[PDB]
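Engineer: Questions regarding the structure given below will be posed in turn.
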Amino acid sequence: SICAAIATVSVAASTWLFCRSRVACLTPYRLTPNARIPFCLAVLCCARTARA
Amino acid sequence: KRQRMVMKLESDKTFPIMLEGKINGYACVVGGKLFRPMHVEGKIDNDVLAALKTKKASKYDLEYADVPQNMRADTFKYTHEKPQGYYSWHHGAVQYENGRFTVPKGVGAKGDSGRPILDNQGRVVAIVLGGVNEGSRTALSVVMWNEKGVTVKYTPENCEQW
Amino acid sequence: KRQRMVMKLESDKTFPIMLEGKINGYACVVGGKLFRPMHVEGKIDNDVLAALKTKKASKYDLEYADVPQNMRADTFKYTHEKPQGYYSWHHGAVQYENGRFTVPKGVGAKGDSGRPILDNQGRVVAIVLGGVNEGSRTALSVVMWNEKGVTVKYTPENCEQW
Amino acid sequence: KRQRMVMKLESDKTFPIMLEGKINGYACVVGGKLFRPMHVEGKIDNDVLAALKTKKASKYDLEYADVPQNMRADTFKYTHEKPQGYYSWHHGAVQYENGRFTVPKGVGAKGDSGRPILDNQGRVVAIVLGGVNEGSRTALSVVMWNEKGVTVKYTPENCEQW
Amino acid sequence: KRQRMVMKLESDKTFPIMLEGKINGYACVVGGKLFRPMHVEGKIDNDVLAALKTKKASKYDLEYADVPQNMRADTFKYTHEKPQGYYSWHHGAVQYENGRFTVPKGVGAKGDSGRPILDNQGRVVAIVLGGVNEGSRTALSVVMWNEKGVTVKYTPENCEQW
């Protein structure tokens, strides 16, 4: 149970870090008036990024 | 010039953010998608635009939403050419120097958030979000975008939400 | 200018696509070989040109065929120099900006597919295939070719076959 | 005189109580602290003043709150010298006799609660909270304060909340 | 004529349905009792009339309430004589033919619900609740009452709530 709790805490911390990284990545992925941001996704490749 | 700037801002669909009959800010459509300062509460003065669901961006205290293409027909034109000099906006001129925008004191106050900054060609170069008292002038906290598409927010130390 | 553009389009052998007595589109000869929009049905208004067998290209919804050299004598002149500005075509002017061609609303409709876009020198820079309502203007779906010979088709989202 | 009274009431920071776009009453700042009739619902027409937390006083159906000293700079001036005669307020004159304030019929109605009563020097002598039909005139229910600082509320029998 | 119709509608106590400062419809008093379209939300622009409790009638999407006799003094006069021809209402004339009311296109829109239809004598013959685009004209969905007292609602197929 101790090992399971430690693993759960690790998973939660990893999820929180991933969410914060996604927020930080979406920070340049805001409107940034062009209505077109292929290149930020192509460079950072944080997640669900450039099709090409 | 200021007359032409106001005429261009009015002809282009721009709508203040009304709350209980009070103008608490402004929002505009640039590049075919609506943007709104997150710190300003209320709804856009356009029922059709109000129907659009916005997404939040805490880092810059700004929101964005998709605008229908038919309404994307006539929006603000953005440019990345931002040389030093003077630009025009709703409350007159703005001085650009050292990468920062500054206006004379007494220009700008709470409720002016959302007013864009236009060049001599009427193209948007920055969006005014706030400001801070700077003696004989005041320095505005603005966001500008380079030719590489990087969003950069310039915020003076202890800047007030104007 | 529009008068000269129409005179050049008429003097150069161009023929609408007739079907049951109705003009459903247009086809022209550029670079000495005939092209035809695949979505438009019917036969070219030229018995000699109709004798030419066409090949299909589903990806761009366009067809092409070989034209006899003696008839290659006088065809459209293509150029790759496509700077921003305004160009001319059958139904007036066209604005080129951000790599896209746009014309004022009410210009262009079903049956205009195939009309080329001419520069100040009368050289073809693009071919109009369709369009989509864009408020005060409309954006045309066109194909253009760079100096490297790459075929690029610009198609607005949910563009209608015009 | 009424013109000067309205000018003094407007120059001094006074704000109606807005609820759903309807004026349901009025509130003012006298002696450097805000007062509001408890029976009137809504918020003061001033975001800065609305930030102040009020305390309740059921006995008089009135509320009060502390105003910042910088905003205490310019408030109503109260006086205890209340001789018999006539005074002025927003809707004209008021007759003071036998310790009671009376105005001609047809003057005052639901939504006028909070209007102060001014003397010839522009000093507040009473606050109007309600009234009751009195034939050719109407008698207002008001609160007044003596030189000893005693709060006295004069309420006609079966007075209506106006 | 339209001037006299507007004067009669204004002199008779009629009040729009205000919600957040926006006119979303209209309500009137006919035969000494108030009626209101159920689909329109908000409160009547009359505090005294707003005090009246309404009853719902889902079948016709209409509400009704009792009006005090003293206020029943001056209400709309209804008549059952509805011959074919033309009548008058707030936005001009209305054509009555085949038992249906029709008006020219561009007349009437969302927010006009509740406007009565008057005859040459100023008597109410129908109440406008909605409409539907009918090409060069538009057909209004109305309710009318025969000399036997039967409530009949005429609703075009796929009629829109106007």
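Engineer: Can you tell me which residue within the range B:81-130, out of those that are aromatic (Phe, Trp, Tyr) and free of Cβ contacts under 8 Å to residues at least 40 places away in the same chain, is surrounded by the fewest Cβ atoms within 10 Å (Cβ to Cβ)?
Structural biologist: Going through the range B:81-130, the residues aromatic (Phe, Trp, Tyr) turn out to be B:86-87, B:89, B:96, B:101.
Going one step further and asking which of them are free of Cβ contacts under 8 Å to residues at least 40 places away in the same chain, we end up with B:86-87, B:96.
Working: B:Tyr86: 12, B:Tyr87: 22, B:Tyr96: 20.
Applying the filter and picking the extreme gives B:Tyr86.
Quick grid of which residues meet (1) of a type in the set (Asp, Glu); (2) within 14 Å of another protein chain (Cβ to nearest Cβ); (3) out of contact with any strand residue (DSSP E or B) (no Cβ under 9 Å at 6 or more places or on another chain); (4) assigned to a loop (DSSP other than H, G, I, E, B):
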position	(1), (2), (3), (4)
A:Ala4	no, no, yes, no
A:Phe18	no, no, yes, no
A:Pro28	no, yes, no, yes
A:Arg36	no, yes, yes, yes
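Engineer: Every residue in the range B:10-56 that is under 16 Å from the mean Cα position of the chain (by Cα), within 14 Å of chain A (Cβ to nearest Cβ) and under 30 Å from A:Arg22 (Cα atoms), please.
Structural biologist: B:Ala27, B:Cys28, B:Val29, B:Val30, B:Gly31, B:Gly32, B:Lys33, B:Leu34, B:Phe35, B:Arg36, B:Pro37, B:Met38
Engineer: In the range C:60-80, which residue that is under 18 Å from the mean Cα position of the chain (by Cα) and without any contact (Cβ under 8 Å) to a residue 40 or more places away in the chain is surrounded by the most Cβ atoms within 10 Å (Cβ to Cβ)?
Structural biologist: Looking at residues that are under 18 Å from the mean Cα position of the chain (by Cα) and without any contact (Cβ under 8 Å) to a residue 40 or more places away in the chain, I get C:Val67.
Engineer: Further, regarding this structure: Out of the range E:1-30, which residues are in contact (Cβ under 8 Å) with a residue 60 or more places away in the chain, hydrophobic (A, V, I, L, M, F, W, C) and surrounded by 15 or more Cβ atoms within 10 Å (Cβ to Cβ)?
Structural biologist: E:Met5, E:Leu9, E:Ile17, E:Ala27, E:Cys28, E:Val30
Engineer: Sticking with this structure for a sec: Looking at the range C:95-112, is at least one residue of a type in the set (S, T, N, Q) and over 16 Å from the mean Cα position of the chain (by Cα)? Spell out how you get there, then give the answer.
Structural biologist: Let us first name the residues in the range C:95-112 that are of a type in the set (S, T, N, Q), namely C:95, C:98, C:102.
Those left that are additionally over 16 Å from the mean Cα position of the chain (by Cα): C:98.
For the range C:95-112, residues of a type in the set (S, T, N, Q) and over 16 Å from the mean Cα position of the chain (by Cα): present.
Engineer: Please count how many residues of the range E:138-160 are loosely packed, with under 14 Cβ neighbours inside 10 Å and of a type outside the set (A, V, I, L, M, F, W, C). Full working, then the answer.
Structural biologist: From the range E:138-160, those loosely packed, with under 14 Cβ neighbours inside 10 Å are E:146-152, E:157-158, E:160; that's our starting set.
Restricting the remaining residues to those that are of a type outside the set (A, V, I, L, M, F, W, C) gives E:146-149, E:151, E:157-158, E:160.
Selection size over the range E:138-160: 8.
Engineer: Still on this structure: Listed residues A:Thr49, A:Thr32; which is away from chain B (no Cβ under 14 Å) and surrounded by 14 or more Cβ atoms within 10 Å (Cβ to Cβ)?
Structural biologist: A:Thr49
Engineer: Does E:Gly122 satisfy the condition of being assigned to a strand (DSSP E or B) and not charged (D, E, K, R)? Explain how you work it out, then say what you get.
Structural biologist: Values: assigned to a strand (DSSP E or B): no; not charged (D, E, K, R): yes.
No.
Engineer: While we're on this one: How many residues are among the β-branched types (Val, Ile, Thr) and either out of contact with any strand residue (DSSP E or B) (no Cβ under 7 Å at 6 or more places or on another chain) or more than 10 Å from chain C (Cβ to nearest Cβ) (or both) if we restrict to the range B:64-93?
Structural biologist: Step one: list which residues in the range B:64-93 are among the β-branched types (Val, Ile, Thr), which gives B:67, B:75, B:79.
From what is left, the residues that are either out of contact with any strand residue (DSSP E or B) (no Cβ under 7 Å at 6 or more places or on another chain) or more than 10 Å from chain C (Cβ to nearest Cβ) (or both) are B:67, B:79.
Adding up the residues that qualify gives 2.
Engineer: Write out, first by first residue and then by second, each pair whose Cβ atoms fall under 6 Å of each other, whose residues are 6+ apart or on separate chains, and whose first residue, in the range A:25-40, is of a type in the set (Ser, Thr, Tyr) while the second is surrounded by fewer than 16 Cβ atoms within 10 Å (Cβ to Cβ).
Structural biologist: Pairs that qualify, where the first residue is of a type in the set (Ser, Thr, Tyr) and the partner is surrounded by fewer than 16 Cβ atoms within 10 Å (Cβ to Cβ), are A:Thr27/B:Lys59.
Engineer: With the condition kept exactly as written, say whether any residue in the range B:135-143 is in contact (Cβ under 8 Å) with a residue 40 or more places away in the chain and within 14 Å of chain C (Cβ to nearest Cβ).
Structural biologist: From the range B:135-143, those in contact (Cβ under 8 Å) with a residue 40 or more places away in the chain are B:137, B:140, B:142-143; that's our starting set.
From the residues that got through so far, the ones that are within 14 Å of chain C (Cβ to nearest Cβ) too are none.
No, the range B:135-143 has no match at all.
Engineer: Please find, within the range B:39-56, the residue that is surrounded by the fewest Cβ atoms within 10 Å (Cβ to Cβ) out of those that are out of contact with any helix residue (DSSP H, G or I) (no Cβ under 7 Å at 6 or more places or on another chain), touching a residue at least 12 places away in the same chain (Cβ under 8 Å) and not charged (D, E, K, R).
Structural biologist: Step one: filter the range B:39-56 for residues out of contact with any helix residue (DSSP H, G or I) (no Cβ under 7 Å at 6 or more places or on another chain), giving B:39-42, B:45-56.
Remaining after also requiring touching a residue at least 12 places away in the same chain (Cβ under 8 Å): B:39-42, B:45-46, B:48-49, B:52-54, B:56.
Next, only the ones that are not charged (D, E, K, R) stay: B:39-40, B:42, B:46, B:48-49, B:52, B:54.
Values: B:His39: 14, B:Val40: 22, B:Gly42: 16, B:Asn46: 17, B:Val48: 11, B:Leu49: 19, B:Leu52: 18, B:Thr54: 18.
Once the filter is applied, the top-ranked residue is B:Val48.
Bear in mind these aren't lab numbers, they're just calculated from the coordinates by the rules spelled out. No Cβ is skipped: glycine too gets one built from the backbone with ideal geometry, and neighbour counts run over all protein chains shown.
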